[PDB]
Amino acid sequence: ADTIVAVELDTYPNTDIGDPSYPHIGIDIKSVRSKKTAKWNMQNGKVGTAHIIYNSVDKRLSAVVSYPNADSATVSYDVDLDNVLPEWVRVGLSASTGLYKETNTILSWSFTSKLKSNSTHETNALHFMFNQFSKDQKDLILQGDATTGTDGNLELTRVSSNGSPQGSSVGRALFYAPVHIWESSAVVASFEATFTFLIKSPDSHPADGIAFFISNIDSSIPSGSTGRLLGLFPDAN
């Protein structure tokens, strides 16, 4: 199967697969059963921003999520990603709905990867920033139900013509170019990712959440990865 590292914004507590009894931010290393979570005071229908940072010196994957006029939630997990992920990866956004549902709308997404070598000319870099998505976004790979170009946004899960979210939906967007996250001469490897999201549900109990993920380059949506599996995992192991 695929190799996955993800930061999850998990809107629905599935306590039988180790979720805490509240919406939470989590670090997922090859399992939907997060290695670390923190309470997340998710706001139905408010635009939020998530930040993800890592570097190969500290070997610590960290995330922060906030809303305007609100406190942040943060989570960190000590992991060496050179030991988890292959040398080349793709980076993406994933979302799902199940019998509970929500919009999984992405208004912006940026990513920066840097490899500094021991050469005097040391810096290797990739950066993209999306603030507008077009109907035909050729530098994204769209998987499952994901679409681009509605109000210049990326809709990771199915929305009817009237902004209403559909249940039992899964969709992903991967940046077209593979990303080099380890190189033999690199003395420092870093990455940062930012996305702004709008999770809106007509219901008191939205599901299931949004993840920023890093995968093997040929990564696809696992069968049956709607709902609690966030379009990342084939099962709940």
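The numbering used is simple: start at 1 and walk along the sequence shown.
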Of 156-164 and 90-98, the one with larger mean CA B-factor: 156-164
Average Cα temperature factor in the PDB entry - higher stretch of 215-223, 5-13: 215-223
Per the PDB entry, maximal CA B factor within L174, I181, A193, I210: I181
Identity of residue with top Cα B-factor, from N118, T103, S108, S76: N118
Ranked C-alpha temperature factor of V47 among modelled chain residues, by third: middle
Chain thirds of CA B-factor: placement of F128: lowest
Chain thirds of CA B-factor: placement of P202: highest
Record-listed C-alpha B factor of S169: chain third: middle
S62, C-alpha B-factor rank within chain (lowest, middle or highest third): lowest
